[PDB]
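These protein sequences, in sequence, are chains QQ, RR, gg and DD. Mapped onto the deposited numbering, the consecutive letters of the first sequence carry residue numbers 95 to 146. Mapped onto the deposited numbering, the consecutive letters of the second sequence carry residue numbers 2 to 133. Mapped onto the deposited numbering, the consecutive letters of the third sequence carry residue numbers 2 to 314. Mapped onto the deposited numbering, the consecutive letters of the fourth sequence carry residue numbers 188 to 228.
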Amino acid sequence: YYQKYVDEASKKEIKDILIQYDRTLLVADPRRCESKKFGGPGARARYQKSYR
Amino acid sequence: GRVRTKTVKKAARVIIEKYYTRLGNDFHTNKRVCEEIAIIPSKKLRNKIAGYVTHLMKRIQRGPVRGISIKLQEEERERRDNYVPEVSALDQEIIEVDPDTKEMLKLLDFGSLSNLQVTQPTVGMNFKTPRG
Amino acid sequence: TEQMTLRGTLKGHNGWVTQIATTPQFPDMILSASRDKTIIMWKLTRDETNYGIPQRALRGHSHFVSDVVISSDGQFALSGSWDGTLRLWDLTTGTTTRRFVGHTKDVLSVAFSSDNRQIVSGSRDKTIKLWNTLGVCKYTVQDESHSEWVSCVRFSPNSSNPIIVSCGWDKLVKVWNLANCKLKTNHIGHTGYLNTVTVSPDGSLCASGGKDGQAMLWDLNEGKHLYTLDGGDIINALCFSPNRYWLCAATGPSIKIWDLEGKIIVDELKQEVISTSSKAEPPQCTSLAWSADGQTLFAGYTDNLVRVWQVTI
Amino acid sequence: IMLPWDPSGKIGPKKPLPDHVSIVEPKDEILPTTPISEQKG
RNA sequence: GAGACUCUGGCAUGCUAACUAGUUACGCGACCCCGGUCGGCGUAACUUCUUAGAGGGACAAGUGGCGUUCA
Ligand SMILES: [Mg+2]
């Protein structure tokens, strides 16, 4: 809003206060939920090797 | 890890070795060079080629490479060898000579020479390398 | 009896400045691109506190911003990007009114008529597209075209002569007639690729730079080459000042303003503090543009920095 | 059975092998020494 | 063989475009204190959103040590 419809000094001051507090606000969380895979009972395990 | 394959490397050496002048340091421009002159089907192949081609162009711009014969280097060797000083180092007004070469020339025909000097014997016998 | 000096600097970029565009109507307004996708719309205060403040940001390009240009009127500006296309940014509201879609390849040049009515755009595909303000490609040449590439085209400020020069990566300074619209003269002789071409205020001689790092003067009194003054380092950009009989020239690390009365370099003004003096690249000068009167020069560099160079005396 | 490449594209692809970079030898280019003209048109 | 490749994710307010996708401009109506709400109704273009074809897109791009200042 401030970068677009008014002058950009407001955008930089807001954005910099944000950068100086915390980077997750800018660096995106790309993290997403991993799928269970065939060949095991759980997510990463490949099938349970069973002695005995 | 972003490491170059032999298909990457050989392509970069062929690109810089054949068109060193067209190429340069920055990727995105000399990319335009690489896509125009060379038809790279994949954009990833194109961009990788260009990025190793760029850093390599900086290597050569920094200096001369060992294991490659640049034509420019061939011209500078012809230039350097044609470099000649004012006088040869061999031309000397006086030449020092040992007593054995004096005695041997005096027994030979070549007895008297104008610019010779039978220099003093090297006193102080310490020529052998230490044992142990 | 005068010397340039660094009046100020516009610090506001993350990647380096591919092109900066100026306008003669508003002196305290510059529109600058970067390797990031933005084009920062500055507001030049020139005050004790700060020389410039970011007013707007023309966000839109998908990827890295290649070239940006402002019209002589100054309320609008057309920019070109690796999308292929250009975008007519409304500089007050800071947003696109009309987008010019059509170019097949990277658009390396765009040119207004002297009337700021007609638009012509040149690209690396062997074509020259020609348009009205309504935005219709009236004619382009594809089959009937060059064997090699056309990297840039520009216009003559003189209205009576409808002439455009064009440099390229074929090392040839071509000259075209807008009336005939077929090349007037090619000019073989130049080794190395050419970056920029600029015409003098008088309209007698015009400078040209390239890979040679040479300001090759062509003549407008008679379409003839005259003499060359060495810019030395790759000439990324060149520009003539309107008020003076000067040639400003981006010559590697620093800017060079030659005089034509006596064919000799005067001086090269390099800042002493150069940080990259240890197995590092120095800041190579990439772009420049004179102000309206020609007392301030905006110069965009490879160190993500736009320095302005005022004439002191 | 690995089938041969052919531009025809009946038996295989039009595309050269993705690995196989058939790199051609550069043409003899003349650097122009003098600026000159042949002004016409 | 790895890599490469093919597909997917992502940058494309850009090209090509859509009543079996919607859209932005308004107005009305019941009520709450002019408006707000509504999958209650009407005014057209367009593709910003939506859908998916073609293209295009990022590369060690910047620097320091280290290294034949090479990789
Ligand atoms: Mg693989």
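In this text, a Cβ means the ideal position worked out from N, Cα and C, and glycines have one as well.
Limits of the unbroken alpha helix (DSSP H) element including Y141(QQ): Per DSSP, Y141(QQ) belongs to no alpha helix (DSSP H) and is neither H nor E.
Endpoints, beta strand (DSSP E) assigned at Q26(gg): Neither: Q26(gg) is in no beta strand (DSSP E) and is coded neither H nor E.
Pair within 9 Å by beta-carbon distance, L206(gg) and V174(gg): no
Reduced DSSP secondary structure (H/G/I, E/B, other) of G52(RR): helix
Selection of the segment 27-57 of chain RR by Cβ proximity to chain DD, strictly under 7 Å: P42
Whole-angstrom distance between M42(gg) and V121(QQ), CA atom to CA atom: 25 Å
Whole runs of the beta strand (DSSP E) within the segment 236-275 of chain gg, excluding any shorter than 3 residues: 236-240, 247-252, 255-260
Of the residues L184(gg), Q143(gg), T229(gg), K38(gg), the one placed nearest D84(gg), counting alpha carbons only: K38(gg)
Exposure label - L79(gg); buried when at least 16 CB within 10 Å: buried
Where the alpha helix (DSSP H) through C35(RR) begins and ends: 28-38
Assumed close pair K130(gg), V121(gg) - CB separation to whole angstroms, cut-off 8 Å: 7 Å
Helix, strand or coil at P100(RR) according to DSSP, with G and I counted as helix: helix
Residues bridged to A290(gg) [DSSP beta-bridge criterion]: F299(gg)
Alpha-carbon to alpha-carbon, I217(DD) and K127(gg): 22 Å
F101(gg) - partner residues in DSSP beta bridges: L87(gg)
Rounded Cβ spacing between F77(gg) and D91(gg) (contact assumed at less than 8 Å): 6 Å
Counted within 10 angstroms of its Cβ, other Cβ atoms place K7(RR) as buried (16 or more) or exposed: exposed
The segment 4-15 of chain gg in contact with the segment 303-310 of chain gg per 3-pair CB rule at 8 Å: yes
Exposed unless 16 or more other CB atoms sit within 10 angstroms - verdict on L109(RR): exposed
The segment 51-63 of chain RR in contact with the segment 12-32 of chain RR per 3-pair CB rule at 8 Å: yes
At least three beta-carbon pairs within less than 8 Å, the segment 38-47 of chain RR to the segment 88-106 of chain RR: no
Three or more C-beta pairs below 8 Å linking the segment 134-153 of chain gg and the segment 102-121 of chain gg: yes
DSSP three-state assignment for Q4(gg), whether helix, strand or coil: coil
Cross-chain neighbours of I223(DD) in chain gg, by beta carbon under 8 Å: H188, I189, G190
Helix, strand or coil at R36(gg) according to DSSP, with G and I counted as helix: coil
Start-to-end residues for the beta strand (DSSP E) that takes in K197(DD): Counting along the chain, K197(DD) falls outside any beta strand (DSSP E), and DSSP gives it neither H nor E.
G123(gg) and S167(gg) closer than 9 Å at C-beta: yes
Nearest-angstrom beta carbon gap, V98(RR) and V119(RR) [assumed within contact, 8 Å]: 6 Å
Under 9 Å by beta carbon: chain QQ residues contacting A58(gg): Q97, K98, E102, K105
Nearest-angstrom Cβ-Cβ length linking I266(gg) and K257(gg), presumed shorter than 8 Å: 7 Å
Proximity below 9 Å, CB of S209(gg) to CB of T192(gg): no
Whole beta strand (DSSP E) elements within the segment 156-209 of chain gg, 3-residue minimum: 164-167, 175-178, 184-186, 195-200
Cut-off 7 Å between Cβ atoms - residues of its own chain near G232(gg), not counting five sequence neighbours on either side: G210, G214, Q215, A216, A250, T252, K257
Closer than 8 Å at the beta carbon, the chain DD residues around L184(gg): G228
Alpha helix (DSSP H) runs wholly inside the segment 71-130 of chain RR, at least 4 long, in chain order: 72-83, 100-108
Candidates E128(QQ), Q97(QQ), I113(QQ), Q114(QQ), of which the one nearest residue 64(QQ) by Cα: No information on residue 64(QQ) is available, as it lies outside the stretch 95 to 146 that chain QQ covers here.
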